[PDB]
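A.B. asks: upload.txt is reproduced in full below (compact mmCIF, N, CA and C atoms).
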```txt
# COMPACT_ATOMS: atom_id res chain seq x y z
N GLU A 1 60.08 124.72 -98.42
CA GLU A 1 60.82 123.88 -97.45
C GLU A 1 59.92 123.49 -96.30
N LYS A 2 60.45 122.67 -95.41
CA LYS A 2 59.65 121.83 -94.56
C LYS A 2 58.90 120.97 -95.52
N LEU A 3 59.64 119.98 -95.90
CA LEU A 3 59.43 119.26 -97.13
C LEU A 3 58.36 118.19 -97.08
N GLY A 4 57.95 117.79 -95.91
CA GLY A 4 57.27 116.52 -95.82
C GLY A 4 58.27 115.46 -95.45
N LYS A 5 58.00 114.22 -95.77
CA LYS A 5 58.75 113.14 -95.15
C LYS A 5 59.13 112.06 -96.15
N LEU A 6 60.10 111.27 -95.74
CA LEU A 6 60.58 110.16 -96.53
C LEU A 6 60.92 109.01 -95.60
N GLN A 7 60.10 107.98 -95.66
CA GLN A 7 60.19 106.90 -94.69
C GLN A 7 61.17 105.88 -95.21
N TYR A 8 62.05 105.36 -94.38
CA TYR A 8 63.08 104.47 -94.88
C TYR A 8 63.33 103.25 -94.02
N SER A 9 64.00 102.27 -94.63
CA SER A 9 64.46 101.09 -93.93
C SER A 9 65.87 100.78 -94.39
N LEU A 10 66.81 101.11 -93.55
CA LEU A 10 68.21 101.06 -93.89
C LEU A 10 68.83 99.88 -93.16
N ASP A 11 69.60 99.11 -93.87
CA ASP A 11 70.06 97.81 -93.39
C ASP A 11 71.58 97.72 -93.54
N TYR A 12 72.18 96.68 -92.99
CA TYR A 12 73.61 96.49 -93.08
C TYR A 12 73.95 95.13 -93.67
N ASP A 13 74.74 95.14 -94.73
CA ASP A 13 75.42 93.94 -95.17
C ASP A 13 76.83 94.05 -94.65
N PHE A 14 77.11 93.37 -93.56
CA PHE A 14 78.32 93.68 -92.84
C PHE A 14 79.49 92.88 -93.36
N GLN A 15 79.24 91.76 -94.04
CA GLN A 15 80.37 91.07 -94.59
C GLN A 15 80.73 91.52 -96.00
N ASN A 16 80.23 92.66 -96.49
CA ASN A 16 81.00 93.47 -97.40
C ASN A 16 81.40 94.78 -96.72
N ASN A 17 80.98 94.88 -95.46
CA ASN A 17 81.18 96.04 -94.62
C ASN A 17 80.69 97.31 -95.29
N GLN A 18 79.43 97.31 -95.68
CA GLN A 18 78.80 98.51 -96.17
C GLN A 18 77.44 98.65 -95.57
N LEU A 19 77.04 99.87 -95.40
CA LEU A 19 75.71 100.12 -94.93
C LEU A 19 74.76 100.24 -96.11
N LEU A 20 73.50 100.03 -95.85
CA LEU A 20 72.47 100.13 -96.86
C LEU A 20 71.39 101.07 -96.39
N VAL A 21 70.98 101.98 -97.24
CA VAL A 21 69.95 102.93 -96.88
C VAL A 21 68.84 102.86 -97.91
N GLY A 22 67.95 101.89 -97.71
CA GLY A 22 66.87 101.67 -98.63
C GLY A 22 65.65 102.40 -98.18
N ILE A 23 65.44 103.62 -98.64
CA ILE A 23 64.32 104.36 -98.08
C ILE A 23 62.99 103.81 -98.62
N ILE A 24 61.92 104.60 -98.64
CA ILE A 24 60.68 104.19 -99.27
C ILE A 24 60.30 105.19 -100.32
N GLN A 25 59.84 106.31 -99.81
CA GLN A 25 59.34 107.36 -100.62
C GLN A 25 59.47 108.66 -99.91
N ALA A 26 59.56 109.68 -100.70
CA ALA A 26 59.45 111.03 -100.22
C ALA A 26 58.08 111.51 -100.65
N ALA A 27 57.47 112.36 -99.86
CA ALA A 27 56.09 112.71 -100.13
C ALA A 27 55.84 114.21 -100.18
N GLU A 28 55.22 114.63 -101.29
CA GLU A 28 54.62 115.96 -101.43
C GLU A 28 55.61 117.09 -101.17
N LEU A 29 56.76 117.04 -101.81
CA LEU A 29 57.68 118.16 -101.76
C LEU A 29 57.40 119.11 -102.95
N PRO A 30 57.78 120.41 -102.85
CA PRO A 30 57.46 121.44 -103.86
C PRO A 30 57.88 121.09 -105.29
N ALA A 31 57.04 121.50 -106.24
CA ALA A 31 57.16 121.15 -107.65
C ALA A 31 58.05 122.12 -108.44
N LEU A 32 59.04 121.59 -109.14
CA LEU A 32 59.91 122.41 -110.00
C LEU A 32 59.78 122.05 -111.47
N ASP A 33 58.57 121.73 -111.91
CA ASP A 33 58.35 121.38 -113.31
C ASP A 33 57.02 121.94 -113.79
N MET A 34 56.89 122.12 -115.10
CA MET A 34 55.73 122.78 -115.67
C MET A 34 54.56 121.81 -115.80
N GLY A 35 54.07 121.40 -114.65
CA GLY A 35 52.90 120.56 -114.56
C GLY A 35 52.46 120.46 -113.12
N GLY A 36 52.93 121.43 -112.33
CA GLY A 36 52.73 121.44 -110.90
C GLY A 36 53.23 120.17 -110.26
N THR A 37 54.36 119.70 -110.77
CA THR A 37 54.99 118.50 -110.29
C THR A 37 56.49 118.72 -110.22
N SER A 38 57.19 117.75 -109.68
CA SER A 38 58.63 117.79 -109.61
C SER A 38 59.21 116.49 -110.16
N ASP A 39 60.50 116.49 -110.46
CA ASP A 39 61.19 115.28 -110.87
C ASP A 39 62.26 114.93 -109.82
N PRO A 40 61.80 114.41 -108.65
CA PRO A 40 62.65 114.05 -107.51
C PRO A 40 63.94 113.34 -107.85
N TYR A 41 64.93 113.66 -107.04
CA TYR A 41 66.24 113.09 -107.12
C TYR A 41 66.85 113.28 -105.73
N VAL A 42 67.35 112.23 -105.14
CA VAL A 42 67.96 112.36 -103.83
C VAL A 42 69.47 112.33 -103.94
N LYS A 43 70.12 113.38 -103.48
CA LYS A 43 71.57 113.39 -103.36
C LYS A 43 71.93 112.71 -102.06
N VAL A 44 72.82 111.74 -102.10
CA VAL A 44 73.15 111.02 -100.90
C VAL A 44 74.64 110.76 -100.85
N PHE A 45 75.30 111.43 -99.92
CA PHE A 45 76.72 111.31 -99.79
C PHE A 45 77.17 111.81 -98.43
N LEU A 46 78.42 111.56 -98.15
CA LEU A 46 79.06 112.07 -96.96
C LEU A 46 80.33 112.83 -97.36
N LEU A 47 80.93 113.46 -96.39
CA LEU A 47 82.27 114.07 -96.51
C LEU A 47 83.30 112.94 -96.58
N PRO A 48 84.65 113.18 -96.46
CA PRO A 48 85.67 112.11 -96.17
C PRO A 48 85.16 110.95 -95.25
N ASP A 49 83.94 111.14 -94.82
CA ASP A 49 83.01 110.18 -94.27
C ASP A 49 82.68 109.05 -95.27
N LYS A 50 82.99 109.24 -96.57
CA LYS A 50 82.40 108.56 -97.75
C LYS A 50 81.62 109.54 -98.61
N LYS A 51 82.45 110.20 -99.39
CA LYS A 51 82.05 111.16 -100.37
C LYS A 51 81.63 110.46 -101.66
N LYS A 52 80.54 109.73 -101.56
CA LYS A 52 80.02 108.95 -102.67
C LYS A 52 78.66 109.47 -103.06
N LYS A 53 78.62 110.38 -104.03
CA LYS A 53 77.36 110.95 -104.45
C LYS A 53 76.57 109.94 -105.28
N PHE A 54 75.54 109.37 -104.67
CA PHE A 54 74.66 108.46 -105.36
C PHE A 54 73.43 109.24 -105.79
N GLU A 55 72.54 108.62 -106.54
CA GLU A 55 71.43 109.35 -107.12
C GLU A 55 70.22 108.47 -107.28
N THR A 56 69.09 108.99 -106.86
CA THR A 56 67.81 108.35 -107.08
C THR A 56 67.44 108.45 -108.54
N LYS A 57 66.67 107.49 -109.02
CA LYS A 57 66.09 107.60 -110.35
C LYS A 57 65.06 108.73 -110.35
N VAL A 58 65.02 109.49 -111.43
CA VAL A 58 64.13 110.65 -111.50
C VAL A 58 62.69 110.22 -111.77
N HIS A 59 61.80 110.72 -110.93
CA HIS A 59 60.39 110.34 -110.96
C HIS A 59 59.58 111.42 -111.64
N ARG A 60 59.32 111.23 -112.92
CA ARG A 60 58.87 112.32 -113.76
C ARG A 60 57.45 112.73 -113.43
N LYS A 61 57.32 114.01 -113.17
CA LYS A 61 56.05 114.68 -112.94
C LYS A 61 55.35 114.08 -111.73
N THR A 62 56.14 113.88 -110.68
CA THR A 62 55.62 113.53 -109.37
C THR A 62 56.71 113.70 -108.31
N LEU A 63 56.45 114.54 -107.31
CA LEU A 63 57.38 114.67 -106.18
C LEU A 63 56.93 113.84 -104.98
N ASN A 64 55.87 113.07 -105.16
CA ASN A 64 55.47 112.13 -104.13
C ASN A 64 55.55 110.73 -104.72
N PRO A 65 56.78 110.24 -104.88
CA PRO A 65 57.11 108.97 -105.49
C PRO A 65 57.58 107.96 -104.47
N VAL A 66 57.36 106.68 -104.72
CA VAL A 66 57.86 105.67 -103.81
C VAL A 66 58.73 104.70 -104.57
N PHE A 67 60.01 104.79 -104.31
CA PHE A 67 60.95 103.89 -104.93
C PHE A 67 61.34 102.73 -104.03
N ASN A 68 61.59 103.01 -102.75
CA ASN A 68 62.43 102.15 -101.93
C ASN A 68 63.81 102.12 -102.55
N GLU A 69 64.54 103.20 -102.27
CA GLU A 69 65.72 103.59 -103.05
C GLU A 69 66.95 103.48 -102.17
N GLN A 70 67.87 102.67 -102.63
CA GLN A 70 69.05 102.33 -101.88
C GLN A 70 70.13 103.39 -101.99
N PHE A 71 70.44 103.97 -100.85
CA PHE A 71 71.57 104.85 -100.69
C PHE A 71 72.76 104.02 -100.23
N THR A 72 73.66 103.79 -101.16
CA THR A 72 74.84 103.00 -100.93
C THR A 72 75.84 103.73 -100.04
N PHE A 73 76.01 103.19 -98.86
CA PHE A 73 76.88 103.74 -97.86
C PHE A 73 78.02 102.76 -97.60
N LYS A 74 79.11 102.87 -98.35
CA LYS A 74 80.21 101.91 -98.21
C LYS A 74 81.12 102.27 -97.04
N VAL A 75 80.55 102.22 -95.85
CA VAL A 75 81.26 102.44 -94.60
C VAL A 75 80.70 101.50 -93.52
N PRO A 76 81.57 100.74 -92.84
CA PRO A 76 81.18 99.85 -91.73
C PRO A 76 80.62 100.59 -90.52
N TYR A 77 79.95 99.87 -89.61
CA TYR A 77 79.38 100.50 -88.42
C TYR A 77 80.47 101.13 -87.55
N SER A 78 81.56 100.40 -87.36
CA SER A 78 82.71 100.91 -86.62
C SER A 78 83.23 102.20 -87.26
N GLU A 79 83.05 102.27 -88.57
CA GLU A 79 83.51 103.38 -89.38
C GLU A 79 82.46 104.49 -89.40
N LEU A 80 81.22 104.13 -89.05
CA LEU A 80 80.10 105.06 -88.97
C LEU A 80 80.43 106.14 -87.98
N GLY A 81 81.10 105.77 -86.90
CA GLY A 81 81.33 106.69 -85.79
C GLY A 81 81.74 108.12 -86.18
N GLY A 82 82.72 108.28 -87.06
CA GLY A 82 83.11 109.61 -87.54
C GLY A 82 82.11 110.28 -88.49
N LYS A 83 81.27 109.48 -89.11
CA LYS A 83 80.69 109.82 -90.43
C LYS A 83 79.43 110.69 -90.37
N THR A 84 79.22 111.53 -91.36
CA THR A 84 78.02 112.34 -91.36
C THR A 84 77.15 112.05 -92.52
N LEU A 85 75.96 111.60 -92.21
CA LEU A 85 75.02 111.32 -93.27
C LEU A 85 74.24 112.55 -93.61
N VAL A 86 74.56 113.07 -94.75
CA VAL A 86 73.70 114.08 -95.36
C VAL A 86 72.94 113.54 -96.57
N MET A 87 71.65 113.85 -96.62
CA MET A 87 70.77 113.43 -97.70
C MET A 87 70.03 114.65 -98.24
N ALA A 88 69.88 114.76 -99.55
CA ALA A 88 69.41 116.00 -100.16
C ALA A 88 68.38 115.75 -101.25
N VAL A 89 67.15 116.15 -101.01
CA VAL A 89 66.14 116.09 -102.07
C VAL A 89 66.38 117.24 -103.05
N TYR A 90 66.69 116.87 -104.28
CA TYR A 90 67.06 117.81 -105.31
C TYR A 90 66.18 117.60 -106.52
N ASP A 91 65.66 118.67 -107.07
CA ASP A 91 64.80 118.57 -108.24
C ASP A 91 65.61 118.75 -109.51
N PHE A 92 65.62 117.75 -110.36
CA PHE A 92 66.24 117.90 -111.66
C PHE A 92 65.20 118.41 -112.64
N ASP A 93 65.13 119.72 -112.86
CA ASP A 93 64.02 120.25 -113.63
C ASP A 93 64.42 120.50 -115.08
N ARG A 94 65.66 120.13 -115.40
CA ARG A 94 66.13 119.97 -116.79
C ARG A 94 66.03 121.25 -117.64
N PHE A 95 65.56 122.35 -117.07
CA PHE A 95 65.32 123.54 -117.88
C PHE A 95 65.51 124.81 -117.07
N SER A 96 64.73 124.96 -116.02
CA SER A 96 64.75 126.18 -115.21
C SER A 96 65.91 126.15 -114.23
N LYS A 97 65.92 127.07 -113.27
CA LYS A 97 66.89 126.99 -112.20
C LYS A 97 66.52 125.85 -111.28
N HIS A 98 67.44 124.93 -111.12
CA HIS A 98 67.19 123.77 -110.28
C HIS A 98 67.14 124.17 -108.82
N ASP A 99 65.98 123.99 -108.25
CA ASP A 99 65.77 124.28 -106.84
C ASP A 99 66.11 123.07 -105.99
N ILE A 100 66.97 123.26 -105.01
CA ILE A 100 67.15 122.24 -104.02
C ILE A 100 65.88 122.21 -103.18
N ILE A 101 65.32 121.03 -103.06
CA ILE A 101 64.00 120.85 -102.52
C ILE A 101 64.09 120.81 -101.02
N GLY A 102 64.94 119.94 -100.55
CA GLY A 102 65.09 119.73 -99.14
C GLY A 102 66.29 118.89 -98.84
N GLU A 103 66.43 118.53 -97.59
CA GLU A 103 67.66 117.94 -97.10
C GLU A 103 67.39 117.35 -95.74
N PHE A 104 68.26 116.49 -95.28
CA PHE A 104 68.24 116.09 -93.90
C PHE A 104 69.65 115.84 -93.43
N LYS A 105 69.89 116.09 -92.17
CA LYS A 105 71.20 115.92 -91.59
C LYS A 105 71.13 114.78 -90.59
N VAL A 106 71.92 113.75 -90.82
CA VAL A 106 71.79 112.52 -90.08
C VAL A 106 73.16 112.07 -89.61
N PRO A 107 73.53 112.43 -88.40
CA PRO A 107 74.79 112.02 -87.85
C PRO A 107 74.76 110.54 -87.53
N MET A 108 75.85 109.91 -87.88
CA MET A 108 76.05 108.50 -87.67
C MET A 108 75.81 108.04 -86.25
N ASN A 109 76.19 108.86 -85.29
CA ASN A 109 76.23 108.42 -83.91
C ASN A 109 74.82 108.23 -83.37
N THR A 110 73.87 108.87 -84.04
CA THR A 110 72.48 108.75 -83.64
C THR A 110 71.80 107.58 -84.34
N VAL A 111 72.36 107.18 -85.49
CA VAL A 111 71.78 106.09 -86.26
C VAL A 111 72.38 104.76 -85.85
N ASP A 112 71.56 103.90 -85.30
CA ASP A 112 71.98 102.57 -84.91
C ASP A 112 71.90 101.60 -86.08
N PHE A 113 73.04 101.17 -86.59
CA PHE A 113 73.04 100.17 -87.63
C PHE A 113 73.41 98.81 -87.06
N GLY A 114 72.62 98.36 -86.10
CA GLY A 114 72.77 97.03 -85.56
C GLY A 114 72.16 96.01 -86.48
N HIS A 115 70.88 96.20 -86.79
CA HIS A 115 70.19 95.40 -87.78
C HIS A 115 69.61 96.30 -88.86
N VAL A 116 68.30 96.49 -88.82
CA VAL A 116 67.63 97.34 -89.79
C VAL A 116 67.10 98.60 -89.12
N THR A 117 67.45 99.74 -89.69
CA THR A 117 66.98 101.01 -89.21
C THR A 117 65.70 101.39 -89.93
N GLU A 118 64.61 101.22 -89.24
CA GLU A 118 63.31 101.56 -89.79
C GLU A 118 62.68 102.67 -88.98
N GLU A 119 62.58 103.84 -89.59
CA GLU A 119 61.92 104.96 -88.97
C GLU A 119 61.44 105.89 -90.05
N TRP A 120 60.48 106.71 -89.74
CA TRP A 120 59.94 107.61 -90.72
C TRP A 120 60.72 108.90 -90.65
N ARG A 121 61.54 109.17 -91.66
CA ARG A 121 62.44 110.30 -91.58
C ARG A 121 61.97 111.45 -92.48
N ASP A 122 62.01 112.65 -91.93
CA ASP A 122 61.39 113.82 -92.53
C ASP A 122 62.40 114.58 -93.35
N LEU A 123 61.95 115.15 -94.45
CA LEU A 123 62.79 116.04 -95.21
C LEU A 123 62.68 117.44 -94.65
N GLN A 124 63.80 117.94 -94.21
CA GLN A 124 63.86 119.24 -93.60
C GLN A 124 64.25 120.25 -94.65
N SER A 125 63.85 121.47 -94.41
CA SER A 125 64.17 122.60 -95.26
C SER A 125 65.65 122.70 -95.57
N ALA A 126 66.01 122.63 -96.86
CA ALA A 126 67.35 122.98 -97.25
C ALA A 126 67.37 124.39 -97.80
N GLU A 127 68.38 125.12 -97.40
CA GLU A 127 68.66 126.42 -97.98
C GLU A 127 70.05 126.41 -98.59
N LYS A 128 70.13 125.94 -99.82
CA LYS A 128 71.39 125.80 -100.51
C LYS A 128 71.45 126.80 -101.66
```
Output the structure of this file as structure tokens.
C.D. replies:
Amino acid sequence: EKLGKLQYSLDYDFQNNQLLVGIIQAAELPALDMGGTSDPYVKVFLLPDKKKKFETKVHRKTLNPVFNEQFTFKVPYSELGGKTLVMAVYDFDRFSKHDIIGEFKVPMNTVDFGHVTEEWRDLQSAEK
């Protein structure tokens, strides 16, 4: 844990009233596969905030992958106010015990979805 980072650019399509979380890449998180690599997968959902578990495409034998991967957040900015953005780097290792790699906790009230949210966001240690 203390995962490294995942830089993103999250945008709003407001006339479907949904947020968009198009990250970039996560970099150099611990390997859960038999090749000193991982098969990254990002869990992205909220509570009654929008409990929509979306999923990154699995990046085989690399935990430092760059997708620019859209986390579909079907909640308006006005609706953001209550909402809690949790994001979870999870390794789908298809065989062994799946280790949760990392996570980040992102409260809506701190995230400005006026236009495009571009900042380099770090994967913090998850203990799940």
A.B. asks: Within 7 Å of residue 118 (chain A), counting all atoms listed in the file, which residues show up once you throw out same-chain ones fewer than 2 positions away? Write them as a PyMOL selection string, please.
C.D. replies: chain A and resi 8-10+116+120
A.B. asks: Those residues with N, CA and C atoms, as a short mmCIF file (atom, residue, chain, number, x, y, z; two decimals), in the frame of the given file please?
C.D. replies:
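After the write, result.cif holds the following:
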```cif
data_model
loop_
_atom_site.label_atom_id
_atom_site.label_comp_id
_atom_site.auth_asym_id
_atom_site.auth_seq_id
_atom_site.Cartn_x
_atom_site.Cartn_y
_atom_site.Cartn_z
N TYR A 8 62.05 105.36 -94.38
CA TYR A 8 63.08 104.47 -94.88
C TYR A 8 63.33 103.25 -94.02
N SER A 9 64.00 102.27 -94.63
CA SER A 9 64.46 101.09 -93.93
C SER A 9 65.87 100.78 -94.39
N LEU A 10 66.81 101.11 -93.55
CA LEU A 10 68.21 101.06 -93.89
C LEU A 10 68.83 99.88 -93.16
N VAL A 116 68.30 96.49 -88.82
CA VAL A 116 67.63 97.34 -89.79
C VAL A 116 67.10 98.60 -89.12
N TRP A 120 60.48 106.71 -89.74
CA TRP A 120 59.94 107.61 -90.72
C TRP A 120 60.72 108.90 -90.65
#
```
A.B. asks: Neighbouring residues of region 49-52 of chain A were defined as those with any atom within 6.5 Å, considering all atoms listed in the file; residues of the same chain fewer than 4 positions away were excluded. Please report them as a ChimeraX atom specification.
C.D. replies: /A:44-45,74,82-84
A.B. asks: Using the chain letters and numbers from this document, which residues of chain A does DSSP assign to alpha helix (DSSP H), as a CSV table (one decimal) with N, CA and C atoms, keeping the file's coordinate frame?
C.D. replies:
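The result, stored in out-v1.csv:
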```
chain,number,residue,atom,x,y,z
A,77,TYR,N,80.0,99.9,-89.6
A,77,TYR,CA,79.4,100.5,-88.4
A,77,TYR,C,80.5,101.1,-87.6
A,78,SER,N,81.6,100.4,-87.4
A,78,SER,CA,82.7,100.9,-86.6
A,78,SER,C,83.2,102.2,-87.3
A,79,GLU,N,83.0,102.3,-88.6
A,79,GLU,CA,83.5,103.4,-89.4
A,79,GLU,C,82.5,104.5,-89.4
A,80,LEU,N,81.2,104.1,-89.0
A,80,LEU,CA,80.1,105.1,-89.0
A,80,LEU,C,80.4,106.1,-88.0
```
A.B. asks: Give me the residues within 8 Å of residue 17 (chain A) as a PDB file with N, CA and C atoms, keeping the file's coordinate frame, counting all atoms listed in the file and dropping any in the same chain fewer than 4 places off.
C.D. replies:
```pdb
ATOM      1  N   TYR A  12      72.180  96.680 -92.990  1.00  0.00           N
ATOM      2  CA  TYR A  12      73.610  96.490 -93.080  1.00  0.00           C
ATOM      3  C   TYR A  12      73.950  95.130 -93.670  1.00  0.00           C
ATOM      4  N   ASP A  13      74.740  95.140 -94.730  1.00  0.00           N
ATOM      5  CA  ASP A  13      75.420  93.940 -95.170  1.00  0.00           C
ATOM      6  C   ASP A  13      76.830  94.050 -94.650  1.00  0.00           C
ATOM      7  N   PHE A  73      76.010 103.190 -98.860  1.00  0.00           N
ATOM      8  CA  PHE A  73      76.880 103.740 -97.860  1.00  0.00           C
ATOM      9  C   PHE A  73      78.020 102.760 -97.600  1.00  0.00           C
ATOM     10  N   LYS A  74      79.110 102.870 -98.350  1.00  0.00           N
ATOM     11  CA  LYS A  74      80.210 101.910 -98.210  1.00  0.00           C
ATOM     12  C   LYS A  74      81.120 102.270 -97.040  1.00  0.00           C
ATOM     13  N   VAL A  75      80.550 102.220 -95.850  1.00  0.00           N
ATOM     14  CA  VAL A  75      81.260 102.440 -94.600  1.00  0.00           C
ATOM     15  C   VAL A  75      80.700 101.500 -93.520  1.00  0.00           C
ATOM     16  N   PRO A  76      81.570 100.740 -92.840  1.00  0.00           N
ATOM     17  CA  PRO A  76      81.180  99.850 -91.730  1.00  0.00           C
ATOM     18  C   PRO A  76      80.620 100.590 -90.520  1.00  0.00           C
ATOM     19  N   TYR A  77      79.950  99.870 -89.610  1.00  0.00           N
ATOM     20  CA  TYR A  77      79.380 100.500 -88.420  1.00  0.00           C
ATOM     21  C   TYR A  77      80.470 101.130 -87.550  1.00  0.00           C
TER      22      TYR A  77
END
```
A.B. asks: So which residues touch residue 42 (chain A) within 9 Å, counting only C-alpha atoms, skipping near sequence neighbours fewer than 6 positions away, as a list in words?
C.D. replies: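 Non-adjacent residues within range: residues 54, 55, 56, 57, 58, 71, 87, 88, 89, 90, 91 and 103 of chain A.
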A.B. asks: Give me, as a CSV table (one decimal) with N, CA and C atoms, in the coordinates of the input, all polymer residues having an atom no more than 5 Å from region 23-29 of chain A, counting all atoms listed in the file and skipping those fewer than 3 positions away in the same chain.
C.D. replies:
```csv
chain,number,residue,atom,x,y,z
A,3,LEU,N,59.6,120.0,-95.9
A,3,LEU,CA,59.4,119.3,-97.1
A,3,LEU,C,58.4,118.2,-97.1
A,5,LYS,N,58.0,114.2,-95.8
A,5,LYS,CA,58.8,113.1,-95.2
A,5,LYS,C,59.1,112.1,-96.2
A,6,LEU,N,60.1,111.3,-95.7
A,6,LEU,CA,60.6,110.2,-96.5
A,6,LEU,C,60.9,109.0,-95.6
A,7,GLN,N,60.1,108.0,-95.7
A,7,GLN,CA,60.2,106.9,-94.7
A,7,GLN,C,61.2,105.9,-95.2
A,8,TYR,N,62.0,105.4,-94.4
A,8,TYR,CA,63.1,104.5,-94.9
A,8,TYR,C,63.3,103.2,-94.0
A,9,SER,N,64.0,102.3,-94.6
A,9,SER,CA,64.5,101.1,-93.9
A,9,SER,C,65.9,100.8,-94.4
A,63,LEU,N,56.4,114.5,-107.3
A,63,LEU,CA,57.4,114.7,-106.2
A,63,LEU,C,56.9,113.8,-105.0
A,64,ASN,N,55.9,113.1,-105.2
A,64,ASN,CA,55.5,112.1,-104.1
A,64,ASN,C,55.6,110.7,-104.7
A,65,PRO,N,56.8,110.2,-104.9
A,65,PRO,CA,57.1,109.0,-105.5
A,65,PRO,C,57.6,108.0,-104.5
A,66,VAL,N,57.4,106.7,-104.7
A,66,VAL,CA,57.9,105.7,-103.8
A,66,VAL,C,58.7,104.7,-104.6
A,67,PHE,N,60.0,104.8,-104.3
A,67,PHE,CA,61.0,103.9,-104.9
A,67,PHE,C,61.3,102.7,-104.0
A,68,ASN,N,61.6,103.0,-102.8
A,68,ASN,CA,62.4,102.2,-101.9
A,68,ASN,C,63.8,102.1,-102.6
A,69,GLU,N,64.5,103.2,-102.3
A,69,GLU,CA,65.7,103.6,-103.0
A,69,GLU,C,67.0,103.5,-102.2
A,70,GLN,N,67.9,102.7,-102.6
A,70,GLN,CA,69.0,102.3,-101.9
A,70,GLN,C,70.1,103.4,-102.0
```
A.B. asks: Figure out the distance between CA of residue 85 (chain A) and CA of residue 125 (chain A), please, to one decimal in Å.
C.D. replies: 15.8 Å
A.B. asks: Taking only N, CA and C atoms into account, name the residue in A:92, A:53, A:102, A:2 that is nearest to residue 38 (chain A).
C.D. replies: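 Smallest separation from residue 38 (chain A) among the options: A:92.
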A.B. asks: Could you check which of A:110, A:100, A:43, A:72 is closest to residue 127 (chain A), using only N, CA and C atoms?
C.D. replies: A:100
A.B. asks: The residues within 5 Å of (61.7, 120.3, -113.8), using all atoms listed in the file and the coordinates of the file, should be reported as a compact mmCIF listing (two decimals) with N, CA and C atoms, keeping the file's coordinate frame; which are they?
C.D. replies:
```
# COMPACT_ATOMS: atom_id res chain seq x y z
N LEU A 32 59.04 121.59 -109.14
CA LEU A 32 59.91 122.41 -110.00
C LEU A 32 59.78 122.05 -111.47
N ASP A 33 58.57 121.73 -111.91
CA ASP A 33 58.35 121.38 -113.31
C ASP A 33 57.02 121.94 -113.79
N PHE A 92 65.62 117.75 -110.36
CA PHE A 92 66.24 117.90 -111.66
C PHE A 92 65.20 118.41 -112.64
N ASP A 93 65.13 119.72 -112.86
CA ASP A 93 64.02 120.25 -113.63
C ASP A 93 64.42 120.50 -115.08
N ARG A 94 65.66 120.13 -115.40
CA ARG A 94 66.13 119.97 -116.79
C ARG A 94 66.03 121.25 -117.64
```
A.B. asks: N, CA, C and O atoms are needed for region 77-87 of chain A; please write them out as a CSV table (one decimal), in the coordinates of the input.
C.D. replies:
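Writing done, so here's part_30.csv:
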```csv
chain,number,residue,atom,x,y,z
A,77,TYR,N,80.0,99.9,-89.6
A,77,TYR,CA,79.4,100.5,-88.4
A,77,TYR,C,80.5,101.1,-87.6
A,77,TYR,O,80.3,102.2,-87.1
A,78,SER,N,81.6,100.4,-87.4
A,78,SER,CA,82.7,100.9,-86.6
A,78,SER,C,83.2,102.2,-87.3
A,78,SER,O,83.8,103.1,-86.6
A,79,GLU,N,83.0,102.3,-88.6
A,79,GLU,CA,83.5,103.4,-89.4
A,79,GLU,C,82.5,104.5,-89.4
A,79,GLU,O,82.8,105.6,-89.7
A,80,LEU,N,81.2,104.1,-89.0
A,80,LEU,CA,80.1,105.1,-89.0
A,80,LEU,C,80.4,106.1,-88.0
A,80,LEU,O,80.2,107.3,-88.3
A,81,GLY,N,81.1,105.8,-86.9
A,81,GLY,CA,81.3,106.7,-85.8
A,81,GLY,C,81.7,108.1,-86.2
A,81,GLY,O,81.2,109.1,-85.7
A,82,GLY,N,82.7,108.3,-87.1
A,82,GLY,CA,83.1,109.6,-87.5
A,82,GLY,C,82.1,110.3,-88.5
A,82,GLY,O,82.1,111.5,-88.6
A,83,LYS,N,81.3,109.5,-89.1
A,83,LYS,CA,80.7,109.8,-90.4
A,83,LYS,C,79.4,110.7,-90.4
A,83,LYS,O,78.6,110.6,-89.5
A,84,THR,N,79.2,111.5,-91.4
A,84,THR,CA,78.0,112.3,-91.4
A,84,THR,C,77.2,112.0,-92.5
A,84,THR,O,77.5,112.3,-93.7
A,85,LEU,N,76.0,111.6,-92.2
A,85,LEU,CA,75.0,111.3,-93.3
A,85,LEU,C,74.2,112.6,-93.6
A,85,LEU,O,73.4,113.0,-92.9
A,86,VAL,N,74.6,113.1,-94.8
A,86,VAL,CA,73.7,114.1,-95.4
A,86,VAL,C,72.9,113.5,-96.6
A,86,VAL,O,73.5,112.8,-97.4
A,87,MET,N,71.6,113.8,-96.6
A,87,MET,CA,70.8,113.4,-97.7
A,87,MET,C,70.0,114.6,-98.2
A,87,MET,O,69.6,115.5,-97.5
```
